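# starting from these lines, generate the structure:
(4 chains, ligands or ions: 2)
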Amino acid sequence: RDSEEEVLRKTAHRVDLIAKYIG
Amino acid sequence: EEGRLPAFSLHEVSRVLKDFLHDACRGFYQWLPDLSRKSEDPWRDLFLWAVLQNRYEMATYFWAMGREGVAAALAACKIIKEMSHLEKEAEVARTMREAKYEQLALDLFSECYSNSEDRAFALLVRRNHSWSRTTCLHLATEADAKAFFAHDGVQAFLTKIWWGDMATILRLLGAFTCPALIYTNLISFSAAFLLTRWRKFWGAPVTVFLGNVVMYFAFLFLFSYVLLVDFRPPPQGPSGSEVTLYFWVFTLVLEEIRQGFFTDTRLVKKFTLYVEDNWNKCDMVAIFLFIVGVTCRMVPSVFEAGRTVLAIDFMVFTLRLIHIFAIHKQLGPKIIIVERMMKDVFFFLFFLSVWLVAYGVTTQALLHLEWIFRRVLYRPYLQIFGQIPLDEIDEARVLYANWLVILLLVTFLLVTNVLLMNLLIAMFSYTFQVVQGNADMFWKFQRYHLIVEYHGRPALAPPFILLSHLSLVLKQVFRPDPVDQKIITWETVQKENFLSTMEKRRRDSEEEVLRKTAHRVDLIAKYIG
Amino acid sequence: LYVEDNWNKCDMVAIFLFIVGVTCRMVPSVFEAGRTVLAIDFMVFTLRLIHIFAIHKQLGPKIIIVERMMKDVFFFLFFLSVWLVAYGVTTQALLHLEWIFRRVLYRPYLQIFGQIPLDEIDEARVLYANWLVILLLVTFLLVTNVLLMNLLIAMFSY
Amino acid sequence: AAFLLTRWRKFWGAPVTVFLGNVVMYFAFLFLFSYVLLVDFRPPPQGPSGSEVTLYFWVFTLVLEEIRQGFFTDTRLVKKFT
Ligand SMILES: [Ca+2]
Ligand SMILES: [Ca+2]
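Numbers count the residues shown, from 1 in each chain, chains lettered A, B, ... in the order given. Ligands and ions are numbered 1, 2, ... in the order given. Please find the structure below.
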């Protein structure tokens, strides 16, 4: 679960979501 | 309960304590004192508790708000090792063995020594009332964790001892040749002026050490000469040079007894520390061989056999003299690795001997118990030469054995030369790579020991060494705090800075950045929707 | 700057040896000794000529490394000489200063060959020394051959 | 009294124990056979066969021991021999 690459992927998803929802 | 002859109390606690760290904690808690009374060294007992209790972080924080650190930590690692073989639970045993406190202490010393190198050395030498007015050096000794010596400052203080008060090569050797204090007035230094300067030029460890190698070398040569032609029949003249050598040998024996007997709590412990050294064991067996051969003059009928005994003892002492060359910077680790591989090659050569025996047996009787036995033995001996005198076999063929002799010969050469050799370079590389630092430790270690011994060796020559021991026996029969605290505070501040630094480093850890960023971004995502 | 170069130092000592031997023709009584001096100088110049081969691309670093290890092997061979002296001393007198000395020296020389002429020892046994001779011989071969050699490959890799 | 019998069973049942015993026995028989090949490999007088037969009979016993160790460890005799 705590795999660093998994962290990268989850963070990428969350940031793309934040960017899209912001505009 | 054994002392009886919960139940335990501070009495048995102090008992067990003084049992482990013998000289460090002789007499704490002077059979019980007023339990209501407050402490003297509270944090001391705290860290002790946590150690006994195996509370790593606890003892950590205790050490934090404590004084006289490095020594404390040394004792800590010592007792951690103590409570390793005395553990029942295997996993708990490994956990206990996972102390790593030596690393902490080394960090402390590296830190403090990164400044005020002189004051740092002083700290390394300062007495320790907290640990019963003792020497951190001795602490590490009782700890026997060689890495304690691994720090550069260790070699620094050792060297500052080693090159004498005139610390400042072949120039120093030529100086050692002739007493030219004026040359010393040009080489290096650091009416009574000449007397004190001579004391300065003689008190150096390397000085007396070169003197000792000179004396030992000369006595080896002289004894070799005596064994050459002075090992004569029991006429008195023959005994003349013989007795001259033997009396001085006994003097050397007395010097060894002095160096090994008056360095101690228990005479048993003293003799144990003595028998610890392998080289002292070599000395003891050498004198055993010499005293055994000393029966030669007693029995002129057995004079030649006793002479052979003395020859063996000669070989012993000759091998012993070789011990010194390891003192060299570059040669040191070489001799160390050499000592390391001593065990395996023995068994390897045993196997080689078995194989050679097999070969010679298979060859001799199949070819053709004194006359026919001596020839067979000679053939076996000539195996190393490789003469291979199969002329007789060829004559016999002129047959069914020459082919098998060649086959077995070839395969024997193959197996021995290839394996018994190339196998050794593997262990050579293994002893090289990391066991080179290990043997650097070993070398620095024996180096410490030799430095102490030379310092421990009286500033005297072998001739008057008898006079020095006589003076010692006659003397026997005839019968600061502000600076300390200042340097203590220095160490405390050093520790504080070190810890702050370590945690500052831990803060900016990239993985910590990942975690904090992940938390912040999940928070932003959740709060956004 | 001149005396800086080691090879210029070799040149200087070579000419020193040549000029020293130049006294041979001056003293025909000492003509042969001066000739031996010239022979030494010859050896010097011969070694000197070898300096050039390092100029090669591939051979260069080889000769360089060779020059590097020059110091340690000297002391190693000194230790080996000490050990050989010990062995020969322990053997000769225990077995049996000119006639008996020359033979002992020859035995020491034959050590490299490994002839191991223990015939006299065997005759004596026909004894308490052959076993110790074999033990010390074996351990000497072991220590020298193994250590004094494999120690060098470490410095070679370094 | 049976204490010593059981303790002897304990000191003898160990693998390393019998193993050292075996190396001892094999070593000794190697030495003895080497001796027999040295001088007991004699003409066909009976005495010569004496030590010779003493060695050879025990060799056959060793053979039987090997057969035992390799034959009674099996589903198929073919699989056993394999
Ligand atoms: Ca000693
Ligand atoms: Ca030149």
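
# how near is residue A:13 to chain D?
Applying C-beta to the nearest C-beta, to the nearest Å, the value for residue A:13 to chain D is 59 Å. The C-beta positions use only the backbone N, C-alpha and C, and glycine is treated the same way.

# could you do residue A:1 as well?
Separation of residue A:1 from chain D (C-beta to the nearest C-beta) stands at 47 Å.

# for residue A:6, same thing?
Applying C-beta to the nearest C-beta, the value for residue A:6 to chain D is 51 Å.

# my read is that residue is in a helix, agree?
Yes: assessed with DSSP: H, G, I helix; E, B strand; the rest coil, residue A:6 lies in a helix.

# burial measure for it, as a count.
Neighbour count for residue A:6, taken as other C-beta atoms under 10 Å in any protein chain shown: 10.

# tell me the contacts of residue A:7?
Residue A:7 is in contact with B:514, B:518, counting by C-beta atoms under 8 Å, 6 or more residues apart in numbering or on different chains.

# ligand 1 contacts on chain A?
Counting by C-beta under 5 Å from the ion, chain A comes close to ligand 1 at no residue.

# any idea which residue of chain A lies closest to chain C?
Nearest to chain C in chain A, going by C-beta to the nearest C-beta, is residue A:4, at a distance of 37.4 Å.

# in chain A, which spans are strands?
Counting by DSSP state E, chain A has no strands at all.

# any idea how far residue A:23 lies from chain D?
Counting by C-beta to the nearest C-beta, the gap from residue A:23 to chain D is 76 Å.

# re earlier: apart from its neighbours in sequence, what residue is nearest the residue of chain A closest to chain C?
Nearest residue to residue A:4, sequence neighbours excluded (C-beta to C-beta, 6 or more residues apart in numbering or on different chains): residue B:514, at 6.8 Å.

# give me the neighbour count for the residue of chain A closest to chain C.
Neighbours of residue A:4 (other C-beta under 10 Å): 9.

# dump the residue contacts of the closest residue to chain B within chain A.
Closest approach between chain A and chain B, counting by C-beta to the nearest C-beta: residue A:14, at 4.6 Å. Each residue near residue A:14 by C-beta under 8 Å, 6+ apart is listed here: B:521, B:522, B:524, B:525.

# now do the helices in chain A.
A:4-22 (DSSP state H).

# so which residue of it lies furthest out from the middle?
Of all residues in chain A, residue A:23 has its C-alpha farthest from the mean position, at 16.5 Å, by C-alpha atoms, centre = their mean.

# give me the distance between that one and ligand 1.
For residue A:23, the distance to ligand 1 equals 86 Å [C-beta to the ion, to the nearest Å].

# residue in chain A nearest to ligand 1?
Closest residue of chain A to ligand 1, C-beta to the ion: residue A:4 (58.3 Å).

# in stretch A:5-12, what counts as buried?
A:7, A:11 (16 or more other C-beta atoms under 10 Å in any protein chain shown).

# again, but for stretch A:13-23
residue A:14.

# pull the distance from that stretch to the chain's centre.
9 Å (C-alpha atoms, centre = their mean, to the nearest Å).

# so how far is chain D from residue A:14?
In terms of C-beta to the nearest C-beta, residue A:14 sits 62 Å off from chain D.

# same deal with residue A:5?
50 Å.

# then residue A:18?
Counting by C-beta to the nearest C-beta, the gap from residue A:18 to chain D is 68 Å.

# same check on residue A:9?
For residue A:9, the distance to chain D equals 54 Å [C-beta to the nearest C-beta].

# check residue A:11 too.
With C-beta to the nearest C-beta as the criterion, residue A:11 and chain D are 59 Å apart.

# residues touching that residue, list them.
Residue A:11 neighbours (C-beta under 8 Å, 6+ apart): B:517, B:518, B:521.

# let me know the closest of these to ligand 2.
For these, the nearest to ligand 2 is residue B:517 (67.5 Å; C-beta to the ion).
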